[PDB]
């Protein structure tokens, strides 16, 4: 069983700026944590990070029927992309939306999510542990 792990724009920079101020956790840390949780359920993870909205949409489309679900952190595309929302819908994958930080503690333009309209679940502000909980949700939906 395979989960699609998608990380959107800027997520490649996790842990790359001064980590004492901007965080020590890296994208590799995110993938490893999601992968280890998936392994507890006999599942695998296909991970992709891209600063290109089209590469995420292509990935969602290509995973239709082949994956049990999608964990997505869309980054700034959260607030802006109808096309990304329509790609989650077209994929027909049960999708969990993850934010490492709590967008509602940030600027008001970050409060709105298009993805939240189609996501089965939304996890914000749990740090990279949101990706662990997202894998648990998809593992357990699939079992039901």
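Numbering follows the first chain given and starts at 1.
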query: Mean temperature factor over C-alpha atoms, higher-scoring stretch between 134 to 142 and 4 to 12; finding: 134 to 142
query: Residue range whose averaged C-alpha B-factor is higher in the record, 83 to 91 or 38 to 46; finding: 38 to 46
query: Of the residues 96, 105, 31, 60, the one carrying the largest Cα B-factor as recorded; finding: 105
query: Third of chain Cα B-factors occupied by residue 21; finding: highest
query: Third of the chain, ranked by Cα B-factor, where residue 70 sits; finding: middle
query: Third of the chain, ranked by Cα B-factor, where residue 51 sits; finding: lowest
query: Chain-relative CA temperature factor third for residue 116; finding: middle
